[PDB]
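Observations on chain architecture
Residue strings, one per chain:
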Amino acid sequence: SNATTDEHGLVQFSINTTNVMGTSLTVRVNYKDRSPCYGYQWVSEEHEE
Amino acid sequence: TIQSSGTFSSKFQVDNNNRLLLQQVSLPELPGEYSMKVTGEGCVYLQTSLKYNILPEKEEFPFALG
Amino acid sequence: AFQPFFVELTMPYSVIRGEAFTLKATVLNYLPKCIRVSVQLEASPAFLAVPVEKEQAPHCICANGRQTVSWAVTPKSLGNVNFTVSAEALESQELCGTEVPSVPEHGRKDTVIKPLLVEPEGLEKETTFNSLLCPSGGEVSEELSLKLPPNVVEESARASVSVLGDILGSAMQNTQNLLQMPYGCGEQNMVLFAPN
Amino acid sequence: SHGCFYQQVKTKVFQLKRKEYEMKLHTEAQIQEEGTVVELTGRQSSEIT
Amino acid sequence: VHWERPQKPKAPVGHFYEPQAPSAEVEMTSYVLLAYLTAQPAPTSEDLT
Amino acid sequence: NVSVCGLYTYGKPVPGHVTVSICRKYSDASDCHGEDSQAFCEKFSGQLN
Ligand SMILES: *[C@@H]1O[C@H](CO)[C@@H](O[C@@H]2O[C@H](CO)[C@@H](O)[C@H](O)[C@H]2NC(C)=O)[C@H](O)[C@H]1NC(C)=O
Ligand SMILES: *[C@@H]1O[C@H](CO)[C@@H](O)[C@H](O)[C@H]1NC(C)=O
Ligand SMILES: *[C@@H]1O[C@H](CO)[C@@H](O)[C@H](O)[C@H]1NC(C)=O
Ligand SMILES: *[C@@H]1O[C@H](CO)[C@@H](O)[C@H](O)[C@H]1NC(C)=O
């Protein structure tokens, strides 16, 4: 599910739980990769996930 | 053979020796009514290209608020 | 080669019939004497040129001395067009320097004739057509009607046809280039096997 | 005589990239009529992250 | 003339090296070709163009 | 040492202006889509006598 950052950048996301043993959660504003030219071995940039 | 109404004729021959040879020729008439007539055996790819110049309009007088 | 006193021009290879442009004509003097020059250009009716500093008369140019003038010109004709530039020395004008003999050879005036190219005005554009006529032991025909004269300019319409047989344009390299030795796993084995 | 000094610099000469590490700012003020100079080591750890 | 994938993949995609998407443009175009070239008596003219 | 000399018609000298851009190439920048591969450059302006 998507959401957005408010005046304080807070997001209160709720998830009902009726599922398996362990749940993994992740949140991102960009995708799971350093989108602009990450594979060179001479790069300097990142985006926390 | 390329025949054109304004008495403009042209001929070309294609054989295995000039298999990949490209035979280019100009077309000088603005009005085009070119008729292609091919005979014999073998396929032939005919590519035609035409070119000109435009944009002498698009200068009107609408409101546009100055 | 060389010339003790010459006049060389500068302009690009091609221009447009509509817009205008400047023609830069320079004159170089290598003789020790300093002489005033009368530089001008004979123009044809195929265009229209106007000077920019014609009222002021040149002063003089000594050894290794060069001067330059310009002309705002606009072309009218199409294709290659001749431009003539005539430059010469003058006598009895000892106003710039001390003396001015001004006595060159019989060809004391450099009359250079240089051509320039001009394309038809307006935004250029194209149109294409293609066909595959395959007479398999008989006769075949086709008719191509070329007609696109909306808001166009005369003589800009050019057309051309090309007859060929193109399965050989790229037939040469890759056929020669591939054929390799099979090896590796099943996947790689097929990769190197199937293309052959 | 009144207030404090300001200055806006440009980070182009720094080349904030892969192989150019941290930022040390050594400011040195020389108080007049004494020729007394004093230095301050600051913001060394500016996180070019 | 030719055909590509949906002009650019919609969902978050890319980064390089054709990850889980080899671009398959030459193969699909050739497939279209082979299709056009097939008929029961012999192919027509338009398909050959 | 650096020098610039211009040959002309019959190799005679030519008067004018010159802008020499002596440079070191391939700097710390990543060199892809936003980083200039061009490393340090020194531009000298001379009046060709
Ligand atoms: C204009 O330019 C043309 C070249 O585009 C000149 O044509 C040459 O004229 C000489 C004779 O004066 C011929 O011997 C040459 O064969 C022509 N050109 C070529 C390359 O064959 C022409 O002299 C110039 N002047 C005029 C008045 O047209
Ligand atoms: C995420 O979902 C919301 C609906 O809750 C939608 O408005 C939004 O467009 C979605 N995200 C994107 C990138 O479209
Ligand atoms: C949470 O979602 C589950 C989904 O199956 C649903 O069964 C449950 O009633 C929901 N609880 C709420 C809305 O409190
Ligand atoms: C470089 O120029 C200087 C004078 O400008 C000269 O003395 C020297 O020999 C030249 N060559 C070098 C430094 O290799």
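Here is a short report on the structure shown in this document.

Let us look at the overall build of chain F. Within chain F, the regular secondary structure consists of zero helices and two strands. Projecting the C-alpha coordinates of chain F onto the three principal axes gives extents of approximately 45 × 20 × 15 Å. The 49 residues of chain F split such that 16% are buried. Relative to all contacts within chain F whose residues are 6 or more apart in sequence, the contacts with residues 24 or more apart total 35%. In the form shown here, chain F has an accessible surface area of approximately 4,000 Å², with 55% of it arising from carbon and sulfur atoms. Side-chain charges in chain F split into 4 positive and 5 negative, and the spacing between the mean points of these groups amounts to 16 Å.

Bring the parts together and some accessible area is lost; that lost area is often taken as the interface size. With 46 residues of chain C in contact, the opposing surface of chain B contributes 38 residues. The contact between chain C and chain B buries some 4,500 Å² in all, and 55% of this surface belongs to carbon and sulfur atoms. Taken as a group, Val161, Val163 and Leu164 of chain C account for 16% of the area that chain C buries against chain B, more than any other trio of residues on that side. Run the count over chain C and chain B and you get zero salt bridges. Where chain C touches chain B, the interface holds 29 residue pairs in polar contact. Considered class by class, the residues forming the side of chain C that touches chain B number 21 nonpolar, 16 polar and nine charged. Here strand β5 (residues 44–54) of chain B pairs with strand β11 (residues 158–163) of chain C via six bridges, running antiparallel.

Quick look at the pattern of salt bridges now. Tallied over the full model, the rule gives four salt bridges over all chains. Linking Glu46 of chain A and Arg34 of chain A is a salt bridge whose minimum nitrogen-to-oxygen distance equals 2.6 Å. Its relative accessible area of 35% is what places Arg34 of chain A among the partly exposed residues. Residues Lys17 of chain D and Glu35 of chain F are paired through a salt bridge, measuring 3.3 Å at the closest nitrogen-oxygen approach. Of this pair, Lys17 of chain D sits in the segment before β1 (25–31) while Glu35 of chain F sits in the loop between β1 (16–23) and β2 (41–48), which puts the two residues in different chains. Look at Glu35 of chain F and you get partly exposed, because its relative accessible area is 24%.

All names here are of chain B. Positive phi, normally seen in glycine, also occurs at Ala64, with a value near 60°. Within the secondary structure, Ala64 is located in the segment after β5. On the accessibility criterion, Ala64 (60% relative accessible area) is exposed.

What counts as what
- Chain by chain, residues are numbered from 1 following the written sequence, and this numbering need not agree with the entry; no residue without coordinates is displayed.
- To label them, take the chains in the order written and letter them from A, then take the ligands in the order written and number them from 1.
- Although these chains sit within a larger assembly, the values stated refer solely to the portion shown.
- Side-chain numbers here rest on the full set of heavy atoms in the structure, without hydrogens or water.
- Strands are runs of DSSP state E lasting at least two residues, helices are runs of H or I lasting at least four, and both sets are numbered from the N terminus onward.
- Think of it in three bands: residues with accessible area under 20% of the maximum for their type are buried, residues over 50% are exposed, and the middle band is partly exposed, with areas taken using a 1.4 Å probe on protein chains only.
- Note on contacts: a residue pair qualifies if any of its non-hydrogen atoms lie within 4.5 Å across the two residues.
- Here the open area of atoms and residues is found with the Shrake-Rupley method and a 1.4 Å probe, where only the protein chains shown may cover a residue.
- In this tally, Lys and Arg are treated as positive and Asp and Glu as negative; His is ignored, and so are the chain termini.
- The atom standing in for a charge is NZ when the residue is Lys, CZ when it is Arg, CG when it is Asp and CD when it is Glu.
- Here the quantity called buried area is the accessible surface, traced with a 1.4 Å probe, that two parts lose on coming together, added over both.
- Any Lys or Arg side-chain nitrogen located within 4 Å of an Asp or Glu carboxyl oxygen qualifies as a salt bridge.
- Pairs of N or O atoms within 3.5 Å make up the polar contacts considered here, provided that, within protein, one atom can donate a hydrogen while the other can accept it, and that residues adjacent in sequence are counted only when both atoms are side-chain atoms.
- Classification convention: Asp, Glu, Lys, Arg as charged; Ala, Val, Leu, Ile, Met, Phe, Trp, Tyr, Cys, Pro as nonpolar; all other residues, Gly among them, as polar.
- Criterion used throughout: strands pair if DSSP finds at least two bridges between them.

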